[PDB]
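# Breakdown of the fold
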Amino acid sequence: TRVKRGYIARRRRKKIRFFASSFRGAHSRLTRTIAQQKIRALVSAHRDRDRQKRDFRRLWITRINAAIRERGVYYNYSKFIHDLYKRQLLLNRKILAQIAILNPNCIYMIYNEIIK
Amino acid sequence: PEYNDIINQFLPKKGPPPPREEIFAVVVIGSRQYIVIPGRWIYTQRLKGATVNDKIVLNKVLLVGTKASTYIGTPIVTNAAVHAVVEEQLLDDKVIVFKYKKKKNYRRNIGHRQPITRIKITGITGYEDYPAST
Amino acid sequence: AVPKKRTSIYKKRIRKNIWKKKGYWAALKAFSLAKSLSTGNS
Amino acid sequence: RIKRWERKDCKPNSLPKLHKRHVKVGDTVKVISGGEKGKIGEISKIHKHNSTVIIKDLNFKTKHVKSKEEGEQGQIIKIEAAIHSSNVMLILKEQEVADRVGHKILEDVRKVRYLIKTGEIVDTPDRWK
Amino acid sequence: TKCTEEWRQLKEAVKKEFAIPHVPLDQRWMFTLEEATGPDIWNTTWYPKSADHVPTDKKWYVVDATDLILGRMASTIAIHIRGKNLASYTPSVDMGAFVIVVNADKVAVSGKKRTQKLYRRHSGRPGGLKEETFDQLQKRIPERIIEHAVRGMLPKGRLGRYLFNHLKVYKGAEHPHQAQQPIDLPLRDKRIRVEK
Amino acid sequence: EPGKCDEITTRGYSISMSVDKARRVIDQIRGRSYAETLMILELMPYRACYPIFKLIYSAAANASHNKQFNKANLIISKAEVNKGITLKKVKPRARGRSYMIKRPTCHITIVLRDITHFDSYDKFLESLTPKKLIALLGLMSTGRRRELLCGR
RNA sequence: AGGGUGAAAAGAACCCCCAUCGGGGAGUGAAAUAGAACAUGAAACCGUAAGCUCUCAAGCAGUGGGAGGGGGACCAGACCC
RNA sequence: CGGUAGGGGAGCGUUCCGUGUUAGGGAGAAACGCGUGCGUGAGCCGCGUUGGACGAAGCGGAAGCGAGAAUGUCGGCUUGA
């Protein structure tokens, strides 16, 4: 019972190639190099999904800081966050920063009535 | 007449897509905040116990807004409770998790489709509390 | 002496296209002569 | 092409092999199978090694005969073709019916090929008896 | 050519107009929600559309650098070029203002920096390192001193070059950008002006 | 559909001629007048031209006989040169080692094209944009409209 | 080392380019996107055509974010380049 | 519930056999190339084009049964040009 391989090889290497078919140069069209590269692509994806969570937060913090410094001359992000928790107020950084963009009136309003 | 007809039939023109109440809120669901406005849908974590078509009220509304917006002193405004309807509980698009280590023959590939839920917001119940906005 | 890798692709295209442009120049010149062939030349 | 593998199978003693066959040349036959079904003709030439007979005027087949010698037109000669014995069958022309052939020993010493269904003899044509 | 060109342009205008009428685009000021209600701007972090940040609409600033601190000024300048100034910040794009510096040759520096500080450029040769002092260079080309201090604080990379151009240093007091009405620059620091 | 009868694919092939040396010549005549092309190919300084010239003239004669349209109308639309069937001689070299030299071949193809077949239809669409003459529900706007197919 | 035109050679009369080779019409055939280098015809490699896009850039070439542009004879906050 | 050597458990496919000269198939099988289905994965499953006759399951069985590395090996085709 001789068993030729035939079908089973490139039916998977097509699927391997389906990933890399946006890649630039040799990486897109060379079997074993595609196989080497796909892995690395997936690894960089998995790695950067966790970088995502901290990096968006880090952007938001900068946005909020930039927004809040335009009020009083000496008022600053660090103080602002502790002033939120002093009054018991569970707005997360995403919302705060995005309202700071899309409706600065509302940040003015939150800033006004947190101080007292 | 004919001039106004055929062209009108072929290339159209758009109307202001709905009435809209235009009064936004900020809800907390799966330990995760969302700006939420009525007549409008959202994706969330799969709500354990929720049916396919089944209306619900979200009682964690940390903010409301309009012409005269209204923050919160504590958490939740007080008796404000957002009114919504569950649509469907389909799974998310596949995220490929891939463990890899260099040279150790340790390639380990594993998909993951997190179950989510689609919900449609019907209306914000009015606040009647702490009017800010100057 | 010897090449370290192959140029492989894209670079070889860039190299060949200039050579084909040599051909283009010759074509222009040969086109110009055909009008000279028509009428006069004494 | 001629095709190299597909030729007369030589025996051990350098001679091609042949098939007994129900049919002979001085014979009228109806076609059972193929494109020309039901048509009634005669056998003319008979290729033994293939089991293929040649019926006169039946396999109507065009041929573009190119001019052999001079600068002239040639012409499209519509010729016959071969046809396999299994497809043809032996017609009576009394009841005008097909058959399946069988042998019998007659009072006249010779052995002959009668039919089934109006079992009438088919053995007094060509060289003859 | 002419016939087919005009006809093509008549179609290009119409197809341009067909899309311009498909979903519309604000500026800043604004209120959270509107009668757009297309893709979710609200639960997806803001990212600027080119329609916003065009180079004409950008603010301007002027710094008179006389009797100042070189580094302390430069940090604020860098900030105001980046856009960390503005709430609408984005690391990937420049949404920051311009800066104009005047009396760059009268900028001040603490300690014994007027002699001891060296500015080095290396030609790119086996010999040529050329090293000259703060004051020696200031006598010749004072523009650099501010310019060099600023470029060191801007993010080096494809963007770093583009948004460097926005700095405009000058030798003297007067500047040729009266057309733009460049306003005065705000200055977070106590040490920023020199003791005198 | 947009053409189909605006052409005749004469494909003279197995020409004993390297593909790159054929692409020197054929890259110049991709989209020219046929008259002009012939004037070029006889004066050009290349071995490459002769078999190309033969195929251009054969293609144009073919077009004039078979489909019966004017040689003064037509142009060279798609010229294309592909790899043929390679032959391999094994030549000797110094010191006993041996290397191959190849006799390369080619497959040349030329698609000619009449300018003015679908001109009656195209010149009629000098009619300016907001027109939509809705006669047969949509009808025959099938003649290289060229600029857009924005028909949503 | 070098098998597989078709069921049947029906293997292309005639016309055109033309010294040949070969090609396009015609004709045969179920099919000639089966023409003898002929059956299914993958990859590398070589092109041709269309959509976007690089000439102050620095790059194991991907990945997360995504400006601006383009769609698919099927009206999507959806999807693809 | 990190994991190299390494041990244990649970699977997917490959060709062939029993069931089966099964139904499914010249109103289109095997193949070949594409999928805005599915699965933890190996893989599965529907599609109408090219293709022109083979041949799924399910329950079982057996191996010339899975490849990227061997200065592997045979064939093709590059680079240097």
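Residues numbered from 1 in each chain as written, not as in the entry; some residues may be left out. Chains lettered and ligands numbered in written order. Part of a larger assembly, values for the part shown. Heavy atoms only, no water. Residues with missing side-chain atoms left out of burial classes, pairs and counts.

In the PDB header, cryo-EM is given as the technique by which the entry was determined, and 3.6 Å as its resolution.

Among the UniProt annotations of chain F, the heading Function holds the following wording: "Component of the chloroplast ribosome (chloro-ribosome), a dedicated translation machinery responsible for the synthesis of chloroplast genome-encoded proteins, including proteins of the transcription and translation machinery and components of the photosynthetic apparatus." The record held by UniProt for chain F lists under Sequence similarities the comment "Belongs to the universal ribosomal protein uL22 family." (UniProt positions renumbered as here; feature names shortened; annotations may be inferred.)

UniProt lists a comment for chain B under the heading Function, and it reads "Component of the chloroplast ribosome (chloro-ribosome), a dedicated translation machinery responsible for the synthesis of chloroplast genome-encoded proteins, including proteins of the transcription and translation machinery and components of the photosynthetic apparatus." Under the heading Subcellular location, UniProt records this for chain B: "Plastid, Chloroplast".

### Points about the overall build of chain F
Helices and strands together make up the secondary structure of chain F, namely 4 helices and 6 strands. When its helices and strands are written in sequence order, chain F yields β-β-α-α-α-β-β-β-β-α. Computed over its C-alpha atoms, the radius of gyration of chain F comes to 22 Å, more than 25% above the 15 Å expected for a compact globule of 152 residues. Projected onto its principal axes, the C-alpha coordinates of chain F cover approximately 80 × 35 × 25 Å. Within chain F, residue pairs in contact and separated by at least 24 positions form 68% of the contacts whose partners lie at least 6 positions apart. (Helix = DSSP H or I, 4+ residues; strand = E, 2+ residues; numbered from the N terminus. Rg over C-alpha atoms; globule rule 2.2 N^0.38 Å. Contact = heavy atoms within 4.5 Å.)

### Looking at the interface of chain C and chain F
Contact residues are listed per partner, giving 13 residues for chain C and 13 residues for chain F. Interface area, chain C with chain F, both sides summed: about 1,200 Å², of which 70% is carbon and sulfur. Along the contact surface separating chain C from chain F lie 2 salt bridges. In this structure, the salt-bridge partner of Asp20 of chain F is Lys20 of chain C, at a minimum N-O distance of 3.5 Å. In this assembly, chain C and chain F are joined by 1 residue pair in polar contact. Partitioning the side of chain C that touches chain F into residue classes produces 8 nonpolar, 1 polar and 4 charged. (Buried area = accessible area lost by both parts, 1.4 Å probe. Salt bridge = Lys/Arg side-chain N within 4 Å of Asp/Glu carboxyl O. Polar contact = N/O pair within 3.5 Å; in protein donor to acceptor, adjacent residues only side chain to side chain. Nonpolar A, V, L, I, M, F, W, Y, C, P; charged D, E, K, R; others polar.)

### What to know about the nonpolar core
Counting 54 residues, the largest nonpolar core has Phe80 and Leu91 of chain A as its most contacted members. When residues in this core are grouped by element, the largest group, 7 residues, is from helix α4 (residues 93–102) of chain A. In this structure, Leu38, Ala59, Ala60 and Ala63 of chain F belong to the second largest nonpolar core, which totals 33 residues. (Core = buried A, V, L, I, M, F, W, Y, C linked by side-chain atoms within 4.5 Å. Buried < 20%, exposed > 50% of the residue type's maximum accessible area, 1.4 Å probe, protein only.)

### Quick notes on the interface of chain A and chain B
Taken together, the 19 residues of chain A in the interface contact 22 residues of chain B. Across the chain A/chain B interface, buried area totals approximately 2,000 Å², and carbon plus sulfur atoms make up 70% of it. Viewed at the interface, chain B and chain A are joined by 0 salt bridges. Taken together, chain A and chain B are joined by 3 residue pairs in polar contact. Among the elements of the structure, α2 (31–68), α4 and α5 (104–115) of chain A are those that each provide at least two residues to the side of chain A that touches chain B. Looking at which element gives the most residues to the side of chain A that touches chain B, the answer is α2 of chain A, with 5 residues.

### Describing helix α1 (residues 19–26) of chain F
Turn by turn, an α-helix covers 3.6 residues, leaving residues three or four places apart pointing in a common direction. Taken together, the buried positions of α1 of chain F are occupied by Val19, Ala22, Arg24, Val25 and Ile26 of chain F. In this structure, the buried residues of α1 of chain F make contact with α1 (11–37) of chain C together with α2 (34–43), α3 (49–65), β3 (75–83) and β6 (106–113) of chain F.

### Comments concerning the sheet that holds strand β9 (residues 116–123) of chain B
Residues and elements named next belong to chain B. The strand order β3-β9-β6-β4 describes an open sheet built from 4 strands, whose pairing is antiparallel. Since the sheet does not close on itself, it has two edges, and those belong to β3 (40–45) and β4 (54–58), each with one partner. Strand-to-strand twist in this sheet, taken as the mean axis angle between neighbours without regard to direction, amounts to 40 degrees. Strand direction decides the pairing type here: strand β6 (residues 82–88) and β9, joined by 5 bridges, are antiparallel. The residue bridging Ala84 from the neighbouring strand is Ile121, located in β9. (Pairing = 2+ DSSP bridges. Axes fitted to C-alpha atoms, helices over the stretch in contact; angles between N-to-C directions.)

### Details of a positive patch on the surface
Residues and elements named next belong to chain A. Taken together, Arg5, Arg10, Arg11, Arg12, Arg13 and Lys14 make up a surface patch of like positive charges. Tracing the backbone shows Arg13 in helix α1 (residues 10–20). In this structure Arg13 comes out as partly exposed when scored by relative accessible area, which is 35%. (Patch = residues over 30% accessible without salt bridge, like charges linked within 9 Å, V, L, I, M, F, W, Y side chains within 5 Å. Areas by Shrake-Rupley, 256 points an atom, 1.4 Å probe, with all protein chains shown as cover. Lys, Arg positive; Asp, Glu negative; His and termini not counted. Charge placed at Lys NZ, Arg CZ, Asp CG, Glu CD.)

### Digging into the sheet that holds strand β7 (residues 88–90) of chain D
Paired through their backbone hydrogen bonds, the strands of a sheet run either parallel or antiparallel. Pairing in this open sheet of 5 strands is antiparallel, and the strands run β6-β3-β2-β1-β7 (chain D) from one edge to the other. Looking at which strands have only one partner, the edges of the open sheet turn out to be β6 (83–84) and β7 of chain D.

### Considering the pairing of β6 of chain F
All names here are of chain F. The buried count for β6 comes to 6 of 8 residues, which makes it a mostly enclosed element. For strand β1 (residues 8–10) and β6, the ladder comprises 3 bridges, and the chain directions are antiparallel. Considered in β6, the bridge of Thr10 is made with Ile110. In terms of strand pairing, strand β2 (residues 13–15) meets β6 through 2 bridges, oriented antiparallel. Residue pairing for β6: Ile15 is matched across the bridge by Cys106. In this sheet, β6 lies alongside β3 in antiparallel orientation, the contact comprising 8 bridges. Looking at β6, one finds that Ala79 is bridged to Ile110.

### A few points about the protein's contact with RNA strand G
Neighbouring RNA strand G are 63 residues, the closest being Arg40 and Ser44 of chain A, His64 and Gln73 of chain D together with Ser14 of chain F. The share of sugar and phosphate among atoms of RNA strand G within 4 Å of the protein is 74%. Within the contact set of RNA strand G, a phosphate oxygen lies 2.9 Å away from a backbone nitrogen or oxygen of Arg24 of chain A. Between RNA strand G and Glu72 of chain D, the relevant distance is 2.9 Å, taken from a phosphate oxygen to a main-chain nitrogen or oxygen of the residue. (Near = heavy atom within 4 Å.)

### Some remarks on the protein's contact with RNA strand H
Taken together, 30 residues lie around RNA strand H, and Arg5, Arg10, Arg11 and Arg13 of chain A together with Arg15 of chain C are the ones closest in. Of everything in RNA strand H that lies within 4 Å of the protein, sugar and phosphate atoms constitute 75%. Between RNA strand H and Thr1 of chain A there is a distance of 3.4 Å, counted from a phosphate oxygen to a backbone nitrogen or oxygen. In the environment of RNA strand H, a phosphate oxygen lies 3.5 Å from a nitrogen or oxygen atom belonging to the side chain of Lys94 of chain B. Taken together, the elements giving at least two residues each to the surface near RNA strand H come down to α1 and α2 of chain A, β8 (106–112) of chain B together with α1 of chain C. A per-element tally of the surface near RNA strand H places α1 of chain A first, with 7 residues. Counted by class, the surface near RNA strand H contains 6 nonpolar, 5 polar and 19 charged residues.

### Some words on the packing of α2 of chain F against α3 of chain F
Residues and elements named next belong to chain F. Contact pair α2 / α3: the axes reach a minimum separation of 10 Å and the direction vectors enclose 155 degrees. On the basis of the axis angle, α2 is roughly antiparallel to α3. When you trace α2 past α3, the crossing you get is left-handed. Residues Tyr34, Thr37, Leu38, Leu41 and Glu42 of α2 lie in contact with α3, whose contacting residues are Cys49, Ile52, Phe53, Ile56, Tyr57 and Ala60. (Parallel < 35°, antiparallel > 145°, perpendicular 65-115°, else oblique. Left-handed = near helix turned anticlockwise from the far one by under 90°.)

### Points about the environment of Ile79 of chain D
Residues and elements named next belong to chain D. Within the secondary structure, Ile79 is located in the loop between β5 (75–76) and β6. Overall, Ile79 belongs to the partly exposed group, its relative accessible area being 34%. In the structure, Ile79 is positioned 11 residues away from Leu90 in sequence and 23 Å away in space, judged by C-alpha atoms.

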